[PDB]
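Undergrad: The structure under discussion is supplied below as structure tokens; questions concerning it will follow.
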Amino acid sequence: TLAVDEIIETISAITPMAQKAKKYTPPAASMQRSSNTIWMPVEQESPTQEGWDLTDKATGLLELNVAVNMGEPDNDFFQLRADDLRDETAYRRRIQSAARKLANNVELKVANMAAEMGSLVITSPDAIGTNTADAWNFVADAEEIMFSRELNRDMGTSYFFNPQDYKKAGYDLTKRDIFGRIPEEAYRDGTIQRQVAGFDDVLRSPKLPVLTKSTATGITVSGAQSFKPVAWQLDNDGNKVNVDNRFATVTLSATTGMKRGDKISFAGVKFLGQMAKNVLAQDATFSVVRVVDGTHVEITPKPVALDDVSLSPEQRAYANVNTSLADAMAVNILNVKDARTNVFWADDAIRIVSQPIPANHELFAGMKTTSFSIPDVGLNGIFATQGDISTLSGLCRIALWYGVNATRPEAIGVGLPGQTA
Amino acid sequence: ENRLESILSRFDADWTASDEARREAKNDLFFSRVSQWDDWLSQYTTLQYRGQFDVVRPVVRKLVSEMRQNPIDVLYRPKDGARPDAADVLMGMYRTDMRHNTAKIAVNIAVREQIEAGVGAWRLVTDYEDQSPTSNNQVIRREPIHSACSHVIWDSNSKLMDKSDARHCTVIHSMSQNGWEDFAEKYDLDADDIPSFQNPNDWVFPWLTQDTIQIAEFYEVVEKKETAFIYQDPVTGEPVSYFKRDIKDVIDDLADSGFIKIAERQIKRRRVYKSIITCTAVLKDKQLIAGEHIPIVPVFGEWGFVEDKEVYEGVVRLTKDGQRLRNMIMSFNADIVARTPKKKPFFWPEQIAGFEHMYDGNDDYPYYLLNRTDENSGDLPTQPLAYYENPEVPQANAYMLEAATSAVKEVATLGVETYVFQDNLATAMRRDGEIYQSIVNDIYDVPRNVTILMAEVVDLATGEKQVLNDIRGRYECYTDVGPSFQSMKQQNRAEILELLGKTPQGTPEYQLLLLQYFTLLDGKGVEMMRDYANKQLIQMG
């Protein structure tokens, strides 16, 4: 038998979301002490009154903030053996497979975080090939909701299709019985266009997660709840601890069947215009971030109500919903069928905090540590090797430390087609 | 898009691309400088004898001394069609700032590393001097780079020995704590923020550096078309000056002194940028530095590419196997000498019972006595006396020690002579000359010679900073390689003696002899001789 070192190449992936997301590397010395979390302010909103005599009505100031932290390292620990001749040729390729696997894992984390924390939800009652220009309508709905909410889109916007719906869009384009330039491009290649319905980058991402249907039914808000913007609160010892602005814990009748990433919407509340505080016609949509306890959940866009009377004016300045929760309103579920998601966002809503692993120190003498660039994505990890006490063997560890943070869940979105039944 | 991400991507690509050659070179340096028993599992089990009987160090010393007996330096020669004296100013400046100990030591370190490991390098830098500057209150000096194989990392898309086609190069610095404080003081960095960078250590290297600091400098060369200005010299002619060199400093002082602008051209040229990086941050981003070429000059021994992979080799990499085998065989032979029972007789206890003090080693007796009879057998059995065999060296051990020594002797022959290594050092010196010339045109004040004297056309700005003005007739001389001289007077003396050695004894011999007395040093007797030569030449016309 003759093995012949002629590699039968078999796989080839891509990491568009991870190579597109912004990356942040805060100072390691301060992030060690600050428990691997840092705080970033949010753009300020000003209350406004009109009149002539404004005595005793001078508002204060209030600036909210969000917290970005990090997860755990993703390693490729493996054991290298000399005196094998099969661990001599396999190791050289194991390093490369490790690099590709780590890049893919980073992209998977990015896609999952975006899909399970995208507040804006665009649901459709049928598939994409049902009507003509239906994929265009699907993208334009997302663009319209971003525009109406008046979210910051200076950095850019992006829409990610899955292969199924991208192919459906291309088929819709080619079926037109007319060939200009766009139909000919969608014929020769599968591309619809690089920009569709106003988005600055419309791609297809093969690793988009599937949002399974929610078996939560007959659920109502349990008691009136008012959520107030705040920037810190007093702890038991009298200290002031900052407060994350992108979460709100609601008390429901029963949180059975809910899970992380469920898209919900209360009956009666509507989106606002943020800046102008004009009531939209859309139902305000929220995303379940955590199922805490059995009658509480944690939804990501904090529902600051416009008509709340317990809100001081500088707090009411941040209102993004027309009406608060009314102690019996039905919480409708938006993901009623299993559907692989199409994900849109503003380009500055996901960041990938990164840290180093200082294994080049004098402390880690005896193990040889070098830098290791993860391809495609812009990340750097460590590659460390150390031999064994005897037996002519070794150990290799490829490590990478990062954390995927969604600083603007209200700017991340999700598209759910075929939401009938 | 991130600056640090791009820098680290390029650096990691270069590092992993050159991993193997650097590994072998580091093993060569360790083998030839620390110990030939380069294993790290030794400090785990038993001890056993491990002797080192070196046979490659004499060869390395011979090659080092051979390359040291013939010094080599730059020699600037005027281009064809240029003035016959177009290279004297540049040559004098080069000798003035290369006559110091740092330059010689840098070249010597690079040469020694070239012979032992396979690659060395050195660096050219510029600094500010107020006491004895070479020109423009600045100096250009040469600095060493120890362990170039692992401390200088070139762009992987390079196919030239001198690395003139590399687009970037990263140089790693390791310094003590006080040295880091001084480095931060010089580069306006934050000393408290300790920097960290790659510096992997071999498993076999048994020591700790401790309380050290690593940082990297990323040099990148960018070729682009930049705007250039055409003026008219208030003396004569039309000079060409770069827009970036007088963008605002003297862009109007040129006019005030009286330079009339004629045109404006776009000229393609190279600029060098340096960054200071660590594995987590970028400290200085794109500080522009003087010159057109990367200031790192590499020297190689046996150099080539095998499969798009660069391989370099010194003289040690091929003697290692035989030297290790010779060490092992001689250690085994030493063990045989030490731990082996010696030649002594074999006795039964009953044979010598009662005469045991006769055989201890004294000389108090004339003979040795043996017990003869036994009370049970009647007589003791007779068997010839046997002695423990003397220790011996096996024929396999002797044969392979001789064969290993012969193999090392046969493979440790550079050339027949160090001509190839000398030629590679000459190539490195030509690259050094190119880099020095570019840096000089960038920072020094080069006077231009006219056929009507030397003109140094410069001016001062409102901030009391004198900005050099260099015309585009700068590359008037090319680079060659000649003997190393400490000054122009020394070079002229050598040239006069060389001409004297070939001119027959006519009147030109008298002319050359009077010239040699002309260019002599200065006590009192040679002063009188020099004055006599002065008067004789002047009166002869």
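Ligands are numbered from 1 in the order shown, chains are lettered A, B, ... in the order of the structure tokens, and residues start at 1 in each chain.
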Give the residues of chain A that lie within 8 Å of chain B; count only C-alpha atoms, and format the answer as a PDB file with N, CA and C atoms, in the first residue's frame.
TA:
```pdb
ATOM      1  N   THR A  25     -10.367  46.226  20.998  1.00  0.00           N
ATOM      2  CA  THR A  25      -9.361  45.644  21.883  1.00  0.00           C
ATOM      3  C   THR A  25      -9.052  46.639  22.991  1.00  0.00           C
ATOM      4  N   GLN A 355      -9.088  40.108  23.619  1.00  0.00           N
ATOM      5  CA  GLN A 355      -8.055  40.232  24.632  1.00  0.00           C
ATOM      6  C   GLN A 355      -6.907  39.308  24.270  1.00  0.00           C
ATOM      7  N   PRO A 356      -5.723  39.539  24.821  1.00  0.00           N
ATOM      8  CA  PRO A 356      -4.629  38.607  24.596  1.00  0.00           C
ATOM      9  C   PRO A 356      -4.469  37.584  25.708  1.00  0.00           C
ATOM     10  N   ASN A 360       3.718  34.557  26.629  1.00  0.00           N
ATOM     11  CA  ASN A 360       5.116  34.818  26.316  1.00  0.00           C
ATOM     12  C   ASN A 360       5.889  35.360  27.506  1.00  0.00           C
ATOM     13  N   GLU A 362       7.819  35.556  31.294  1.00  0.00           N
ATOM     14  CA  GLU A 362       8.850  34.737  31.919  1.00  0.00           C
ATOM     15  C   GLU A 362       8.253  33.607  32.740  1.00  0.00           C
ATOM     16  N   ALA A 365       7.922  29.827  31.122  1.00  0.00           N
ATOM     17  CA  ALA A 365       9.180  29.342  30.587  1.00  0.00           C
ATOM     18  C   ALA A 365       9.105  27.832  30.461  1.00  0.00           C
ATOM     19  N   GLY A 366       9.672  27.305  29.386  1.00  0.00           N
ATOM     20  CA  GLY A 366       9.591  25.900  29.082  1.00  0.00           C
ATOM     21  C   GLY A 366       8.538  25.546  28.056  1.00  0.00           C
ATOM     22  N   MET A 367       7.576  26.429  27.822  1.00  0.00           N
ATOM     23  CA  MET A 367       6.612  26.266  26.748  1.00  0.00           C
ATOM     24  C   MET A 367       6.779  27.433  25.789  1.00  0.00           C
ATOM     25  N   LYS A 368       6.858  27.124  24.505  1.00  0.00           N
ATOM     26  CA  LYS A 368       7.221  28.089  23.481  1.00  0.00           C
ATOM     27  C   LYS A 368       5.949  28.624  22.848  1.00  0.00           C
ATOM     28  N   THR A 369       5.741  29.934  22.955  1.00  0.00           N
ATOM     29  CA  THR A 369       4.496  30.577  22.564  1.00  0.00           C
ATOM     30  C   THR A 369       4.772  31.619  21.497  1.00  0.00           C
ATOM     31  N   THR A 370       4.033  31.548  20.399  1.00  0.00           N
ATOM     32  CA  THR A 370       4.104  32.530  19.330  1.00  0.00           C
ATOM     33  C   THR A 370       2.712  33.080  19.051  1.00  0.00           C
ATOM     34  N   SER A 371       2.661  34.159  18.283  1.00  0.00           N
ATOM     35  CA  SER A 371       1.384  34.670  17.821  1.00  0.00           C
ATOM     36  C   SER A 371       0.813  33.749  16.750  1.00  0.00           C
ATOM     37  N   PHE A 372      -0.487  33.879  16.506  1.00  0.00           N
ATOM     38  CA  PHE A 372      -1.167  32.998  15.562  1.00  0.00           C
ATOM     39  C   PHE A 372      -2.343  33.766  14.985  1.00  0.00           C
ATOM     40  N   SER A 373      -2.260  34.132  13.712  1.00  0.00           N
ATOM     41  CA  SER A 373      -3.282  34.957  13.086  1.00  0.00           C
ATOM     42  C   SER A 373      -4.416  34.073  12.585  1.00  0.00           C
ATOM     43  N   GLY A 378     -10.274  39.293  11.449  1.00  0.00           N
ATOM     44  CA  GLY A 378      -9.130  40.023  11.950  1.00  0.00           C
ATOM     45  C   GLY A 378      -8.849  39.773  13.414  1.00  0.00           C
ATOM     46  N   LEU A 379      -8.413  38.565  13.759  1.00  0.00           N
ATOM     47  CA  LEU A 379      -8.170  38.223  15.151  1.00  0.00           C
ATOM     48  C   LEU A 379      -6.827  37.528  15.295  1.00  0.00           C
ATOM     49  N   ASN A 380      -6.242  37.675  16.478  1.00  0.00           N
ATOM     50  CA  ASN A 380      -4.925  37.142  16.779  1.00  0.00           C
ATOM     51  C   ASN A 380      -5.003  36.353  18.077  1.00  0.00           C
ATOM     52  N   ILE A 389       7.990  15.241  29.433  1.00  0.00           N
ATOM     53  CA  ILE A 389       9.126  14.918  30.283  1.00  0.00           C
ATOM     54  C   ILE A 389      10.019  13.871  29.632  1.00  0.00           C
ATOM     55  N   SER A 390       9.453  13.006  28.799  1.00  0.00           N
ATOM     56  CA  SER A 390      10.208  11.929  28.173  1.00  0.00           C
ATOM     57  C   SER A 390       9.532  11.568  26.853  1.00  0.00           C
TER      58      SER A 390
END
```
Undergrad: Using only C-alpha atoms, which protein or nucleic acid residues come within 7 Å of residue 22 of chain A? Drop anything in the same chain fewer than 4 positions from it, and give the result as a list in words.
TA: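 The neighbour list is residues 348, 350, 351 and 352 of chain A.
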Undergrad: So that I can check the surroundings of segment 308-318 of chain A, please list as a list in words every protein, DNA and RNA residue that reaches within 9 Å of it, counting only C-alpha atoms and ignoring chain neighbours fewer than 4 positions away.
TA: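 Counting only C-alpha atoms, the residues come to residues 44, 45, 46, 47, 48, 59, 60, 61, 62, 226, 227, 228, 229, 230, 274, 275, 277, 304, 323 and 324 of chain A.
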Undergrad: Identify, on the basis of only C-alpha atoms, every residue whose closest approach to residue 12 of chain A does not exceed 12 Å; exclude the query and any residue fewer than 6 positions from it along the same chain; express the result as a PDB file with N, CA and C atoms, in the first residue's frame.
TA:
```pdb
ATOM      1  N   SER A  97      -6.127  23.290   9.787  1.00  0.00           N
ATOM      2  CA  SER A  97      -7.519  22.969  10.071  1.00  0.00           C
ATOM      3  C   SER A  97      -7.976  23.634  11.357  1.00  0.00           C
ATOM      4  N   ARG A 100      -8.767  27.335  10.508  1.00  0.00           N
ATOM      5  CA  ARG A 100     -10.053  27.463   9.829  1.00  0.00           C
ATOM      6  C   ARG A 100     -11.214  27.187  10.777  1.00  0.00           C
ATOM      7  N   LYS A 101     -11.064  26.199  11.660  1.00  0.00           N
ATOM      8  CA  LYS A 101     -12.129  25.887  12.606  1.00  0.00           C
ATOM      9  C   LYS A 101     -12.376  27.038  13.568  1.00  0.00           C
ATOM     10  N   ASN A 104     -14.265  29.764  11.804  1.00  0.00           N
ATOM     11  CA  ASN A 104     -15.659  29.364  11.647  1.00  0.00           C
ATOM     12  C   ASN A 104     -16.426  29.481  12.958  1.00  0.00           C
ATOM     13  N   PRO A 206     -23.845  31.156   4.895  1.00  0.00           N
ATOM     14  CA  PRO A 206     -24.327  29.774   5.001  1.00  0.00           C
ATOM     15  C   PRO A 206     -24.638  29.330   6.419  1.00  0.00           C
TER      16      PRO A 206
END
```
Undergrad: What does the distance from atom CA of residue 458 of chain B to atom CA of residue 258 of chain B come to in Å, to one decimal?
TA: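 Computed distance, atom CA of residue 458 of chain B to atom CA of residue 258 of chain B, equals 12.1 Å.
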Undergrad: At a cut-off of 7 Å, using only C-alpha atoms, what residues contact residue 124 of chain A? Leave out same-chain residues fewer than 5 positions from it and give the result as a PyMOL selection string.
TA: chain A and resi 416-419
Undergrad: One decimal, in Å: what's the spacing between atom CA of residue 172 of chain A and atom CA of residue 185 of chain A?
TA: 12.8 Å
Undergrad: Once DSSP has gone over the backbone, tell me which residues of segment 214-329 of chain A are in alpha helix (DSSP H), as a list in words.
TA: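 Going through segment 214-329 of chain A, the alpha helix (DSSP H) residues come out as residues 313, 314, 315 and 316 of chain A.
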Undergrad: How would the residues just picked look written out with N, CA, C and O atoms as a PDB file, in the first residue's frame?
TA:
```pdb
ATOM      1  N   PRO A 313     -38.997  63.809  33.357  1.00  0.00           N
ATOM      2  CA  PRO A 313     -38.884  64.211  31.942  1.00  0.00           C
ATOM      3  C   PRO A 313     -37.609  63.762  31.249  1.00  0.00           C
ATOM      4  O   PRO A 313     -37.664  63.366  30.079  1.00  0.00           O
ATOM      5  N   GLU A 314     -36.464  63.795  31.927  1.00  0.00           N
ATOM      6  CA  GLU A 314     -35.242  63.339  31.275  1.00  0.00           C
ATOM      7  C   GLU A 314     -35.258  61.836  31.047  1.00  0.00           C
ATOM      8  O   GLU A 314     -34.583  61.346  30.138  1.00  0.00           O
ATOM      9  N   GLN A 315     -36.007  61.086  31.857  1.00  0.00           N
ATOM     10  CA  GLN A 315     -36.216  59.673  31.562  1.00  0.00           C
ATOM     11  C   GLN A 315     -37.184  59.485  30.405  1.00  0.00           C
ATOM     12  O   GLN A 315     -36.964  58.632  29.542  1.00  0.00           O
ATOM     13  N   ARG A 316     -38.265  60.260  30.381  1.00  0.00           N
ATOM     14  CA  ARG A 316     -39.217  60.175  29.284  1.00  0.00           C
ATOM     15  C   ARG A 316     -38.589  60.589  27.965  1.00  0.00           C
ATOM     16  O   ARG A 316     -39.138  60.285  26.903  1.00  0.00           O
TER      17      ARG A 316
END
```
Undergrad: Can you tell me, as a PDB file with C-alpha atoms, in the first residue's frame, what residues are no more than 10 Å from segment 278-282 of chain A when counting only C-alpha atoms, ignoring any on the same chain fewer than 5 positions away?
TA:
```
ATOM      1  CA  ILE A 145     -38.359  49.834   9.758  1.00  0.00           C
ATOM      2  CA  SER A 148     -38.925  54.877  10.522  1.00  0.00           C
ATOM      3  CA  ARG A 149     -37.227  54.177  13.841  1.00  0.00           C
ATOM      4  CA  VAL A 269     -47.736  48.886  22.303  1.00  0.00           C
ATOM      5  CA  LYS A 270     -46.246  50.501  19.210  1.00  0.00           C
ATOM      6  CA  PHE A 271     -42.837  51.718  18.129  1.00  0.00           C
ATOM      7  CA  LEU A 272     -41.963  55.398  18.382  1.00  0.00           C
ATOM      8  CA  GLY A 273     -39.788  57.642  16.261  1.00  0.00           C
ATOM      9  CA  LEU A 306     -44.205  57.572  26.328  1.00  0.00           C
ATOM     10  CA  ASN A 320     -39.283  54.176  22.506  1.00  0.00           C
ATOM     11  CA  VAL A 321     -42.784  52.677  22.974  1.00  0.00           C
ATOM     12  CA  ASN A 322     -46.145  54.444  22.929  1.00  0.00           C
ATOM     13  CA  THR A 323     -47.752  52.660  25.897  1.00  0.00           C
TER      14      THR A 323
END
```
Undergrad: From the DSSP assignment of the backbone, select every residue of segment 183-339 of chain A that is strand (DSSP E), and format the answer as a VMD selection string.
TA: chain A and resid 202 to 204 210 to 211 232 to 234 240 to 242 248 to 251 263 to 266 286 to 290 296 to 299 331 to 333 339
Undergrad: Quick one: residues within 7 Å of segment 54-71 of chain B, only C-alpha atoms counted, chain neighbours fewer than 6 positions away excluded, as number ranges by chain?
TA: B: 112, 418, 483-484
Undergrad: I need the residues from that last selection saved to file as a PDB file, in the first residue's frame (with N, CA and C atoms), if you can.
TA:
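Saved as result.pdb:
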```pdb
ATOM      1  N   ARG B 112      30.497  37.126  11.845  1.00  0.00           N
ATOM      2  CA  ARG B 112      30.625  35.930  12.669  1.00  0.00           C
ATOM      3  C   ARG B 112      29.338  35.121  12.666  1.00  0.00           C
ATOM      4  N   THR B 418      37.473  31.579   1.628  1.00  0.00           N
ATOM      5  CA  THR B 418      36.215  32.235   1.968  1.00  0.00           C
ATOM      6  C   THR B 418      35.769  33.198   0.883  1.00  0.00           C
ATOM      7  N   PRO B 483      39.168  48.402  -0.438  1.00  0.00           N
ATOM      8  CA  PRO B 483      39.757  48.257   0.895  1.00  0.00           C
ATOM      9  C   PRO B 483      39.239  49.320   1.845  1.00  0.00           C
ATOM     10  N   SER B 484      39.203  48.975   3.127  1.00  0.00           N
ATOM     11  CA  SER B 484      38.645  49.863   4.137  1.00  0.00           C
ATOM     12  C   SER B 484      39.709  50.846   4.613  1.00  0.00           C
TER      13      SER B 484
END
```
Undergrad: Using only C-alpha atoms, find the one residue out of B:283, B:316, B:75, B:91 that sits nearest to residue 33 of chain B.
TA: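 Comparing B:283, B:316, B:75, B:91 against residue 33 of chain B, the winner is B:316.
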Undergrad: Nearest residue to residue 121 of chain B out of B:425, B:415, B:179, B:388, using only C-alpha atoms?
TA: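 That would be B:425, the residue with the smallest distance to residue 121 of chain B.
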